[PDB]
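Structure file coords36.pdb (PDB, C-alpha atoms) is printed below.
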ATOM      1  CA  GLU A 696     108.406  92.773  99.500  1.00  0.00           C
ATOM      2  CA  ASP A 697     109.593  89.168  99.583  1.00  0.00           C
ATOM      3  CA  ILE A 698     113.251  89.358 100.573  1.00  0.00           C
ATOM      4  CA  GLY A 699     113.625  88.242 104.170  1.00  0.00           C
ATOM      5  CA  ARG A 700     111.923  85.421 105.976  1.00  0.00           C
ATOM      6  CA  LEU A 701     108.591  86.588 107.372  1.00  0.00           C
ATOM      7  CA  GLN A 702     108.070  84.379 110.383  1.00  0.00           C
ATOM      8  CA  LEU A 703     104.332  84.722 110.744  1.00  0.00           C
ATOM      9  CA  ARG A 704     102.428  84.345 114.006  1.00  0.00           C
ATOM     10  CA  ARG A 705      98.781  84.678 115.080  1.00  0.00           C
ATOM     11  CA  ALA A 706      96.745  86.288 112.390  1.00  0.00           C
ATOM     12  CA  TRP A 707      93.440  87.581 113.697  1.00  0.00           C
ATOM     13  CA  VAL A 708      89.948  87.788 112.192  1.00  0.00           C
ATOM     14  CA  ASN A 709      87.361  90.258 113.450  1.00  0.00           C
ATOM     15  CA  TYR A 710      83.689  89.742 112.800  1.00  0.00           C
ATOM     16  CA  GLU A 711      80.374  91.557 113.057  1.00  0.00           C
ATOM     17  CA  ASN A 712      77.038  90.163 114.271  1.00  0.00           C
ATOM     18  CA  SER A 713      77.380  86.465 113.338  1.00  0.00           C
ATOM     19  CA  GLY A 714      79.752  83.571 113.787  1.00  0.00           C
ATOM     20  CA  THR A 715      80.469  79.808 113.768  1.00  0.00           C
ATOM     21  CA  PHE A 716      82.863  79.807 110.864  1.00  0.00           C
ATOM     22  CA  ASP A 717      85.732  77.537 111.643  1.00  0.00           C
ATOM     23  CA  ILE A 718      89.200  78.411 110.271  1.00  0.00           C
ATOM     24  CA  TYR A 719      91.623  75.954 108.650  1.00  0.00           C
ATOM     25  CA  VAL A 720      95.299  76.829 108.917  1.00  0.00           C
ATOM     26  CA  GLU A 721      97.218  74.615 106.506  1.00  0.00           C
ATOM     27  CA  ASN A 722     101.008  74.451 106.620  1.00  0.00           C
ATOM     28  CA  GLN A 723     102.989  71.860 104.623  1.00  0.00           C
ATOM     29  CA  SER A 724     102.301  69.114 107.159  1.00  0.00           C
ATOM     30  CA  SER A 725     100.442  70.653 110.103  1.00  0.00           C
ATOM     31  CA  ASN A 726      96.695  71.100 109.328  1.00  0.00           C
ATOM     32  CA  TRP A 727      95.403  72.866 112.435  1.00  0.00           C
ATOM     33  CA  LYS A 728      91.690  73.755 112.562  1.00  0.00           C
ATOM     34  CA  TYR A 729      90.624  76.753 114.607  1.00  0.00           C
ATOM     35  CA  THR A 730      86.907  76.160 115.067  1.00  0.00           C
ATOM     36  CA  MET A 731      84.866  79.042 116.434  1.00  0.00           C
ATOM     37  CA  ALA A 732      81.375  79.450 117.847  1.00  0.00           C
ATOM     38  CA  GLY A 733      79.018  82.256 118.520  1.00  0.00           C
ATOM     39  CA  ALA A 734      79.608  84.407 121.566  1.00  0.00           C
ATOM     40  CA  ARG A 735      81.727  84.669 124.672  1.00  0.00           C
ATOM     41  CA  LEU A 736      80.584  83.403 128.055  1.00  0.00           C
ATOM     42  CA  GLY A 737      78.628  85.941 130.043  1.00  0.00           C
ATOM     43  CA  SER A 738      77.818  88.023 126.973  1.00  0.00           C
ATOM     44  CA  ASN A 739      74.273  89.228 126.470  1.00  0.00           C
ATOM     45  CA  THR A 740      74.390  87.701 122.994  1.00  0.00           C
ATOM     46  CA  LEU A 741      75.092  84.223 124.348  1.00  0.00           C
ATOM     47  CA  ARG A 742      71.743  82.896 125.533  1.00  0.00           C
ATOM     48  CA  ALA A 743      70.474  79.510 126.626  1.00  0.00           C
ATOM     49  CA  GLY A 744      68.217  79.815 123.686  1.00  0.00           C
ATOM     50  CA  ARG A 745      68.367  82.641 121.145  1.00  0.00           C
TER      51      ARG A 745
ATOM     52  CA  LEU B   3     124.500  94.082 101.223  1.00  0.00           C
ATOM     53  CA  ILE B   4     121.509  94.921  99.043  1.00  0.00           C
ATOM     54  CA  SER B   5     118.928  92.910  97.133  1.00  0.00           C
ATOM     55  CA  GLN B   6     115.881  93.462  94.997  1.00  0.00           C
ATOM     56  CA  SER B   7     113.357  91.311  93.201  1.00  0.00           C
ATOM     57  CA  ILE B   8     112.136  91.861  89.666  1.00  0.00           C
ATOM     58  CA  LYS B   9     108.473  91.030  90.134  1.00  0.00           C
ATOM     59  CA  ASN B  10     107.421  90.460  86.524  1.00  0.00           C
ATOM     60  CA  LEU B  11     109.201  89.463  83.338  1.00  0.00           C
ATOM     61  CA  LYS B  12     107.101  91.407  80.817  1.00  0.00           C
ATOM     62  CA  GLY B  13     108.976  91.710  78.722  1.00  0.00           C
ATOM     63  CA  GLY B  14     110.907  91.212  75.561  1.00  0.00           C
ATOM     64  CA  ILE B  15     113.966  92.617  73.879  1.00  0.00           C
ATOM     65  CA  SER B  16     115.413  95.962  74.852  1.00  0.00           C
ATOM     66  CA  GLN B  17     118.303  96.941  72.608  1.00  0.00           C
ATOM     67  CA  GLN B  18     118.654 100.118  74.647  1.00  0.00           C
ATOM     68  CA  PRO B  19     121.829  99.793  76.782  1.00  0.00           C
ATOM     69  CA  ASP B  20     121.377  98.147  80.139  1.00  0.00           C
ATOM     70  CA  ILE B  21     122.012 101.141  82.375  1.00  0.00           C
ATOM     71  CA  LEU B  22     119.080 102.854  80.673  1.00  0.00           C
ATOM     72  CA  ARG B  23     116.557 100.049  80.337  1.00  0.00           C
ATOM     73  CA  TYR B  24     113.820  99.063  82.747  1.00  0.00           C
ATOM     74  CA  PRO B  25     113.607  95.834  84.675  1.00  0.00           C
ATOM     75  CA  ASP B  26     111.349  93.108  83.178  1.00  0.00           C
ATOM     76  CA  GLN B  27     113.289  93.656  79.911  1.00  0.00           C
ATOM     77  CA  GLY B  28     115.693  90.937  78.857  1.00  0.00           C
ATOM     78  CA  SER B  29     118.406  91.337  76.269  1.00  0.00           C
ATOM     79  CA  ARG B  30     117.219  88.497  74.080  1.00  0.00           C
ATOM     80  CA  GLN B  31     114.171  86.254  74.060  1.00  0.00           C
ATOM     81  CA  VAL B  32     113.295  83.464  71.632  1.00  0.00           C
ATOM     82  CA  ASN B  33     110.086  81.364  71.701  1.00  0.00           C
ATOM     83  CA  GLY B  34     108.887  83.127  74.834  1.00  0.00           C
ATOM     84  CA  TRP B  35     105.306  83.949  75.756  1.00  0.00           C
ATOM     85  CA  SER B  36     105.141  86.697  78.379  1.00  0.00           C
ATOM     86  CA  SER B  37     101.574  86.296  79.595  1.00  0.00           C
ATOM     87  CA  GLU B  38      99.727  88.546  82.023  1.00  0.00           C
ATOM     88  CA  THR B  39      99.667  86.420  85.184  1.00  0.00           C
ATOM     89  CA  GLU B  40     102.260  83.788  84.383  1.00  0.00           C
ATOM     90  CA  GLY B  41     105.465  85.286  83.113  1.00  0.00           C
ATOM     91  CA  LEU B  42     107.719  83.642  80.582  1.00  0.00           C
ATOM     92  CA  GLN B  43     106.369  80.500  78.954  1.00  0.00           C
ATOM     93  CA  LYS B  44     107.237  78.453  75.933  1.00  0.00           C
ATOM     94  CA  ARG B  45     105.118  79.258  72.919  1.00  0.00           C
ATOM     95  CA  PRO B  46     102.593  76.462  72.281  1.00  0.00           C
ATOM     96  CA  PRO B  47     103.633  74.005  69.581  1.00  0.00           C
ATOM     97  CA  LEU B  48     102.873  73.662  65.955  1.00  0.00           C
ATOM     98  CA  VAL B  49     100.466  70.880  65.443  1.00  0.00           C
ATOM     99  CA  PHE B  50     100.896  69.362  61.998  1.00  0.00           C
TER     100      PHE B  50
END
Take the structure in this file and express it as structure tokens.
Amino acid sequence: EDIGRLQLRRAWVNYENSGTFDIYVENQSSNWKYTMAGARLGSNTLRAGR
Amino acid sequence: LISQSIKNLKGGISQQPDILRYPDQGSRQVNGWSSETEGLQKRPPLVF
């Protein structure tokens, strides 16, 4: 249904056991890049080497 | 105040009166090419 203006804000991507994709959001003149890495701080997944 | 969008234009003549006919159906159409993804196009030309 494309009738009214859909002012869009903060799409979200959920992910299973991997990461480090970036994300490129591309408006007409904006070009923001939402880079992402593996795990959160303090997680058991995030290790000083694993 | 209402509004609606006719999503496709496929297609063609419909000599049935307009309170009966579907949307996508024009009342006349000459040299049109109602494709699947793109709608109305010009028919491609006659090479010689």
Practice problem: Apply the PyMOL selection byres ((chain B) within 10 of (chain A)) to the displayed file and report the matching residues as a list in words. | Solution: residues 5, 6, 7 and 9 of chain B
Exercise. Please indicate the distance in Å from CA of residue 8 in chain B to CA of residue 25 in chain B, rounded to one decimal place.
Key: 6.5 Å
Practice problem: Step by step, work through what the PyMOL selection byres ((chain B and resi 12-18) around 10) selects in the shown file, and finish by giving those residues as a PyMOL selection string. | Solution: chain B and resi 9-11+19-32+34-42
Draw an axis-aligned box over all listed atoms of range 35-50 of chain B, pad each side with 8 Å, and write its centre and edge lengths in Å, one decimal, as lines of an AutoDock Vina configuration file.
center_x = 103.7
center_y = 79.0
center_z = 73.6
size_x = 24.1
size_y = 35.2
size_z = 39.2
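Once the PyMOL selection byres ((chain A and resi 720) around 12) is applied to the depicted file, the selected set reads residues 704, 705, 706, 707, 717, 718, 719, 721, 722, 723, 724, 725, 726, 727, 728, 729 and 730 of chain A.
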File dump, residues just selected, C-alpha atoms, as an mmCIF file, keeping the file's coordinate frame:
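Result file result_19.cif:
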data_model
loop_
_atom_site.group_PDB
_atom_site.id
_atom_site.type_symbol
_atom_site.label_atom_id
_atom_site.label_comp_id
_atom_site.auth_asym_id
_atom_site.auth_seq_id
_atom_site.Cartn_x
_atom_site.Cartn_y
_atom_site.Cartn_z
ATOM 1 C CA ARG A 704 102.428 84.345 114.006
ATOM 2 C CA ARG A 705 98.781 84.678 115.080
ATOM 3 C CA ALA A 706 96.745 86.288 112.390
ATOM 4 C CA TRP A 707 93.440 87.581 113.697
ATOM 5 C CA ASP A 717 85.732 77.537 111.643
ATOM 6 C CA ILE A 718 89.200 78.411 110.271
ATOM 7 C CA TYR A 719 91.623 75.954 108.650
ATOM 8 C CA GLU A 721 97.218 74.615 106.506
ATOM 9 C CA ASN A 722 101.008 74.451 106.620
ATOM 10 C CA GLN A 723 102.989 71.860 104.623
ATOM 11 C CA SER A 724 102.301 69.114 107.159
ATOM 12 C CA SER A 725 100.442 70.653 110.103
ATOM 13 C CA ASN A 726 96.695 71.100 109.328
ATOM 14 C CA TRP A 727 95.403 72.866 112.435
ATOM 15 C CA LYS A 728 91.690 73.755 112.562
ATOM 16 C CA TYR A 729 90.624 76.753 114.607
ATOM 17 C CA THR A 730 86.907 76.160 115.067
#
Exercise. To one decimal in Å, tell me the separation between CA of residue 740 in chain A and CA of residue 714 in chain A.
Key: 11.4 Å
Exercise. Could you please determine the separation between CA of residue 713 in chain A and CA of residue 731 in chain A in Å, to one decimal place?
Key: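 It comes out at 11.0 Å.
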Once N, CA, C and O atoms are restored for range 711-727 of chain A, what would the output be as an mmCIF file, keeping the file's coordinate frame?
data_model
loop_
_atom_site.group_PDB
_atom_site.id
_atom_site.type_symbol
_atom_site.label_atom_id
_atom_site.label_comp_id
_atom_site.auth_asym_id
_atom_site.auth_seq_id
_atom_site.Cartn_x
_atom_site.Cartn_y
_atom_site.Cartn_z
ATOM 1 N N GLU A 711 81.567 90.859 112.616
ATOM 2 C CA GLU A 711 80.374 91.557 113.057
ATOM 3 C C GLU A 711 79.340 90.491 113.441
ATOM 4 O O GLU A 711 79.689 89.325 113.642
ATOM 5 N N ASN A 712 78.068 90.873 113.530
ATOM 6 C CA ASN A 712 77.038 90.163 114.271
ATOM 7 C C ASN A 712 76.652 88.824 113.650
ATOM 8 O O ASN A 712 75.501 88.642 113.241
ATOM 9 N N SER A 713 77.601 87.884 113.611
ATOM 10 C CA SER A 713 77.380 86.465 113.338
ATOM 11 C C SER A 713 78.662 85.705 113.651
ATOM 12 O O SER A 713 79.687 86.294 113.993
ATOM 13 N N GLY A 714 78.593 84.387 113.506
ATOM 14 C CA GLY A 714 79.752 83.571 113.787
ATOM 15 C C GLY A 714 79.591 82.132 113.344
ATOM 16 O O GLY A 714 78.807 81.823 112.449
ATOM 17 N N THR A 715 80.375 81.264 113.994
ATOM 18 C CA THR A 715 80.469 79.808 113.768
ATOM 19 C C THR A 715 81.047 79.450 112.400
ATOM 20 O O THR A 715 80.719 78.408 111.838
ATOM 21 N N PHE A 716 81.931 80.284 111.875
ATOM 22 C CA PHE A 716 82.863 79.807 110.864
ATOM 23 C C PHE A 716 83.991 79.061 111.556
ATOM 24 O O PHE A 716 84.223 79.261 112.749
ATOM 25 N N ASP A 717 84.706 78.182 110.835
ATOM 26 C CA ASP A 717 85.732 77.537 111.643
ATOM 27 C C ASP A 717 87.031 78.329 111.690
ATOM 28 O O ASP A 717 87.066 79.377 112.341
ATOM 29 N N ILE A 718 88.075 77.832 111.010
ATOM 30 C CA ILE A 718 89.200 78.411 110.271
ATOM 31 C C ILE A 718 90.097 77.206 110.039
ATOM 32 O O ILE A 718 90.350 76.454 110.984
ATOM 33 N N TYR A 719 90.652 77.025 108.852
ATOM 34 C CA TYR A 719 91.623 75.954 108.650
ATOM 35 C C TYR A 719 92.959 76.599 108.323
ATOM 36 O O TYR A 719 93.105 77.247 107.286
ATOM 37 N N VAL A 720 93.926 76.435 109.212
ATOM 38 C CA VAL A 720 95.299 76.829 108.917
ATOM 39 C C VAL A 720 96.057 75.616 108.409
ATOM 40 O O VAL A 720 96.111 74.577 109.074
ATOM 41 N N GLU A 721 96.645 75.745 107.227
ATOM 42 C CA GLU A 721 97.218 74.615 106.506
ATOM 43 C C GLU A 721 98.663 74.951 106.167
ATOM 44 O O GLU A 721 98.930 75.730 105.249
ATOM 45 N N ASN A 722 99.588 74.372 106.917
ATOM 46 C CA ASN A 722 101.008 74.451 106.620
ATOM 47 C C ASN A 722 101.344 73.292 105.679
ATOM 48 O O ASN A 722 100.440 72.689 105.097
ATOM 49 N N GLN A 723 102.626 72.978 105.488
ATOM 50 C CA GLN A 723 102.989 71.860 104.623
ATOM 51 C C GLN A 723 102.551 70.527 105.210
ATOM 52 O O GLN A 723 102.110 69.633 104.481
ATOM 53 N N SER A 724 102.670 70.373 106.523
ATOM 54 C CA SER A 724 102.301 69.114 107.159
ATOM 55 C C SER A 724 101.563 69.274 108.474
ATOM 56 O O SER A 724 101.532 68.319 109.256
ATOM 57 N N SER A 725 100.978 70.432 108.767
ATOM 58 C CA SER A 725 100.442 70.653 110.103
ATOM 59 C C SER A 725 98.942 70.401 110.169
ATOM 60 O O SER A 725 98.494 69.534 110.928
ATOM 61 N N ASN A 726 98.158 71.166 109.400
ATOM 62 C CA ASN A 726 96.695 71.100 109.328
ATOM 63 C C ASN A 726 96.005 71.325 110.667
ATOM 64 O O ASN A 726 95.353 70.419 111.193
ATOM 65 N N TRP A 727 96.125 72.519 111.226
ATOM 66 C CA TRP A 727 95.403 72.866 112.435
ATOM 67 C C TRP A 727 94.051 73.434 112.031
ATOM 68 O O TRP A 727 93.940 74.055 110.974
#
